[PDB]
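One chain comes next, on its own, written as structure tokens: the form solved without this ligand.
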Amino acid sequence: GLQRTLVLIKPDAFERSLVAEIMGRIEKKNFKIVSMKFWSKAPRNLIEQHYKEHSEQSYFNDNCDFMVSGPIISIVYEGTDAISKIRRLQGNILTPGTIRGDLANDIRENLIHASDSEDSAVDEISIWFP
């Protein structure tokens, strides 16, 4: 059962030279790249539609400022249970073995975003890959 999920490689991954290292972990898990776009500086409006459900929260503007402070890469990966499986690779900073667990230490500069559900994926994918 193939699925497609959207993944974002945040500006901090570029600053810390962890782009290849992050994509590699996903690649080694056997997921394929269907679509890919490189953003030297993603358009703010595009960032705000993506994080719109956090529109009423405190760090919304900062997270937005951050997502626009460096290049970004948006990828559409394809694979079996891709959405759930990749969301797990991403993990969290308190779980070693995952991407955020082994490489991140901030809840804002967390190197990567992966769709968390089917709806979220279809919406997220339509945003960066209309």
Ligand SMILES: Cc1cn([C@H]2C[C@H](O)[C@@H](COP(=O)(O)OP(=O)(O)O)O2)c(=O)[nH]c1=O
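For every residue, the number given is its place in the sequence shown, counted from 1.
Although not depicted, the form solved in complex with this ligand is the subject of the following passage.
- Remark: open binding site. Placing this ligand in the deposited complex onto this structure by local C-alpha superposition gives no atom within 2.4 Å of a backbone or C-beta atom.
- In the deposited complex, at least one heavy atom of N63 sits within 4.5 Å of this ligand.
- The closest heavy atom approach of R100 to this ligand in the deposited complex falls within 4.5 Å.
- By the criterion of a heavy atom within 4.5 Å, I107 is counted among the residues contacting this ligand in the deposited complex.
- This ligand in the deposited complex comes within 4.5 Å of no heavy atom belonging to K85.
- Contact annotation: of the candidates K32, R44, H54, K29, the single residue with a non-hydrogen atom within 4.5 angstroms of this ligand in the deposited complex is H54.
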